[PDB]
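A.B. asks: The numbering of the sequence shown is the deposited numbering, which starts it at 185 and goes up by one.
Each residue gets a CB set at the ideal place from its N, CA and C atoms; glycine is no exception.
I'd like to ask you about the structure that follows.
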Amino acid sequence: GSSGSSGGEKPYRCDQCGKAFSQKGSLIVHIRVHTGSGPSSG
Ligand SMILES: [Zn+2]
């Protein structure tokens with residue numbers, strides 16, 4: 185019951201939403217929500 189608890193301190197951190205990832209690819213699958221990434225139907 186207490187927000188604000190960063191854990192990992194990874195280099196991969198999206199500035200669009202403010203998230204963190206351990207790998208690069210993992211982040212690539214997230215960009216789909218921000219910028220047109222890979223296929224996503226019409
Ligand atoms: Zn993001």
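(1) Cβ-heavy atom distance between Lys203 and ligand 1 below 7 Å?
(2) Distance, Cα to Cα, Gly226 vs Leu211?
(3) Spatial neighbours of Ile215 within its chain, please: CB distance less than 6 Å, with the 5 preceding and 5 following residues excluded, ordered by chain position.
(4) Taking the alpha carbon of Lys208 as the point to measure from, which residue in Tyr196, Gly192, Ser190 has its own alpha carbon closest?
(5) Could you pull out every residue in the same chain whose Cβ sits closer than 8 Å to the Cβ of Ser190, ignoring the five residues on either side in sequence?
C.D. replies: Quick look at the numbers:
(1) For ligand 1, a non-hydrogen atom lies closer than 7 Å to the CB of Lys203.
(2) Distance between the alpha carbons of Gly226 and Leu211 is about 22 Å.
(3) Setting aside the 5 residues that flank it on each side, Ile215 is surrounded in the same chain by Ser221, each with a C-beta closer than 6 Å to its C-beta; the list follows chain order.
(4) For the options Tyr196, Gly192, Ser190, the alpha carbon positioned closest to that of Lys208 is the one of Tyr196.
(5) Residues of the same chain with a CB within less than 8 Å of the CB of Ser190, apart from the 5 flanking positions on each side, are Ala204 in chain order.
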